[PDB]
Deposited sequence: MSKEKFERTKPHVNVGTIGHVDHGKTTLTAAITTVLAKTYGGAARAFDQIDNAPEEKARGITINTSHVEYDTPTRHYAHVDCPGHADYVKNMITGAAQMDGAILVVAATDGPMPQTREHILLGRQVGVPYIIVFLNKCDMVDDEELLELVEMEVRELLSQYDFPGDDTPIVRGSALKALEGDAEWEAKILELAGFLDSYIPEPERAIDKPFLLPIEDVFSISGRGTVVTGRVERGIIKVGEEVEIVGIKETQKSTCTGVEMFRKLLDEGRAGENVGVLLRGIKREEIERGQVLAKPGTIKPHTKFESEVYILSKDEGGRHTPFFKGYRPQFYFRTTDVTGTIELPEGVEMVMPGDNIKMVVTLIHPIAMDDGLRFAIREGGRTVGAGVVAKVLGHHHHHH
């Protein structure tokens, strides 16, 4: 029973120290352990990121911890962070800083579902009034970006004094680990999410209509069930006459399976690149949306010059490129390579969409950036 988390926060606020403390304390108590030098030196579009593993008696955790702001932007945009919930590290010394807010903002924009707060460097704070002011400031900061500030768990502590061995502070690491179990709910498994099949290929087969092939991203497609072809044009409705995996005849199409879905009355020429197969009324097609994009730098194989309002690139949603016009934020004059901005995208063709969906920005078949669907319009 695996859950994905990460340490989010401002530079030097004690993110790496906390990650090491989490591994060591749960290792002394339940099982395992990693030290600062191991997590600070992060491996690996250059996203430097450490991937840590730790266990609770009830769950398994994959943890992400990055050296600087750049790697948090990159990981949240590119989806690679896979966070089911985040841990915001706030120092009681400094309090919410520029990157604290920017990490909460991006959290709202990339769809990080739950944020738990660890108030670090309490060993260095002697006034209680100071800690309550830093905690209120964080509660205020979370509720601004639609997070449940009043219902958010805020653990007071010292990642370093617990890392060193002081038993009083190891009790706060265990408190944190508890809220990672009680407060992050079990993520909904794909087989339970309504049916979604990105059309990867199409064929006109012998005496049995049209076959649509691809990988079932969510739920199940049962033979005889009504379906929808959402995307590039107006939504067409069909019926699943059959499900075929290679030469094996099936009646079910389960999530994570590469199948061939036989459709009724649908013709090879009515199927387009980028279209999907969905449970009726579970996914709608959109052209206009708010985005959170990261543009590749020269030393990342991206653009070597900036782009403006008149920029019109391709947006690789699931299976294909779709040209789109852009709307830059007020006061945003241009986008340099290596930049991170919000942008309103207007696609030529509608794509089946909901918030959280990722895309790649391209220019003549080469990736030049990456984005997230912040809000559909």
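Unmodelled regions (deposited sequence positions with no C-alpha coordinates, counted from 1) are 1-10, 43, 56-60, 394-400.
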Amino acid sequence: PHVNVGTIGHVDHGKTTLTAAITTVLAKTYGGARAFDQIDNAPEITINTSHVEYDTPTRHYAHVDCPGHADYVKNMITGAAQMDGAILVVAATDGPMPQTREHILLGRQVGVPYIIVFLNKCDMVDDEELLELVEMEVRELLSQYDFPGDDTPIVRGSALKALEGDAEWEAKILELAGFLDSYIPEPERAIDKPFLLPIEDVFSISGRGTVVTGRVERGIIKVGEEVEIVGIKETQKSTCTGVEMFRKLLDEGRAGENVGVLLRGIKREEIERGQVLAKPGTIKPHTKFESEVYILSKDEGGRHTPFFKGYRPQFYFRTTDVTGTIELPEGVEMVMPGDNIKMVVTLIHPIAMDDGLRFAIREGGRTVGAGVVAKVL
From here on, numbers count along this sequence of modelled residues.
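With 242-250 and 284-292 compared on mean CA B-factor from the PDB entry, the stretch scoring higher is 242-250. For the pair 311-319 and 47-55, the record assigns the higher mean C-alpha temperature factor to 47-55. Of the candidates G214, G85, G301, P185, it is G301 whose Cα B-factor is highest according to the PDB record.
Between the residues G356, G14, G364, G369, it is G364 that shows the highest Cα B-factor in the PDB record. For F195, the recorded CA temperature factor ranks within the middle third of the chain's modelled residues. Placement of the Cα temperature factor of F147 within the chain: lowest third of the modelled residues, per the deposited record. For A80, the recorded CA temperature factor ranks within the highest third of the chain's modelled residues. When the modelled residues of the chain are ordered by C-alpha B-factor, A352 sits in the middle third. The deposited CA B-factor of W169 belongs to the highest third of values across its chain.
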